[PDB]
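What follows is one chain in structure tokens, specifically the form deposited in one PDB entry.
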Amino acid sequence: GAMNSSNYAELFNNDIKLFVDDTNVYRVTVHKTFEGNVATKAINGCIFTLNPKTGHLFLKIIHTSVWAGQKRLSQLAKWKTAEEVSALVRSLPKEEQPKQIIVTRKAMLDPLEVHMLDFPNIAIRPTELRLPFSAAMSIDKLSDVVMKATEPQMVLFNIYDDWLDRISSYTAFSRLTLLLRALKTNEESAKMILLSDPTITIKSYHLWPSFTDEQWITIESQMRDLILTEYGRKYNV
């Protein structure tokens, strides 16, 4: 059934599983027309497909051409997501295929179930977790490959950089969800915290800066302070 705070360690066991987040698949800017009506302009999007144990990210870039001449785009976006996840699973060797796919939004369940009918032993699950994967496009290298794309493209990343050399996948996931929750709540402030010291750089082959274990503790504290501050404002508490 649903993935929640109760069954959280299941994310880091040895059963291959993927999170699918469709938030950033269909992205638009809303604008006025010459006649004073409102219209949308699509921009490139992406499917965020993440193995939370290994950090392997399958970033399928959704080029605006896939929307051309289609209707009901927010509906189609869920089916296109499910089509591309199904295609990814079929592309993986049998021993790399997931045993479970956890969708971050309940509206993805029926589309993904129908596209995965050929895989009756892959469980399609919702989650009660409120995961901040919408903020993936606040990671500069991810935003840059999506915006530059001129055609449909899959790009592979490790969203944990080399963290698993020093920390467990439980701790790596907690650091990722904290970073993304900060970027989601106050992007400008989070990015300031991550680049404030110019001596700490991002490796060419990495997404995040090369913090020492002590610097990660300082950063994580700065992100937690950012989130609580913002919260006291949202709710006047």
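All residue numbers refer to positions in the sequence shown, first residue = 1. Rigid core: the largest C-alpha set superposing within 1.5 Å between the two forms.
What comes next is about the form solved in complex with a partner chain, which does not appear here.
Q: In the deposited bound form, does residue 195 come within 4.5 Å of its partner chain, counting heavy atoms only?
A: Contact check for residue 195: yes, within 4.5 Å of its partner chain in the deposited bound form.
Q: Can you tell me whether residue 96 touches its partner chain? I mean in the deposited bound form, with a 4.5 angstroms heavy atom cut-off.
A: No - in the deposited bound form, heavy atoms of residue 96 and its partner chain never come within 4.5 Å of each other.
Q: Although the partner isn't part of this model, could you tell me whether residue 140 comes within 4.5 Å of its partner chain in the deposited bound form, counting any heavy atom of the residue?
A: Within the cut-off, so yes.
Q: Within 4.5 Å, heavy atoms only: does residue 63 come near its partner chain in the deposited bound form?
A: Contact with its partner chain, no.
Q: To test your reading of this chain, name the stretch in 166-174, 195-203, 54-62, 208-216 whose heavy atoms come within 4.5 Å of its partner chain in the deposited bound form.
A: Result for this chain: 195-203.
Q: Which single residue of 201, 168, 65, 37, after superposing the core, moves its CA by 2 Å or more between the shown form and the other one?
A: Of all the options, the C-alpha that shifts by at least 2 Å belongs to 37.
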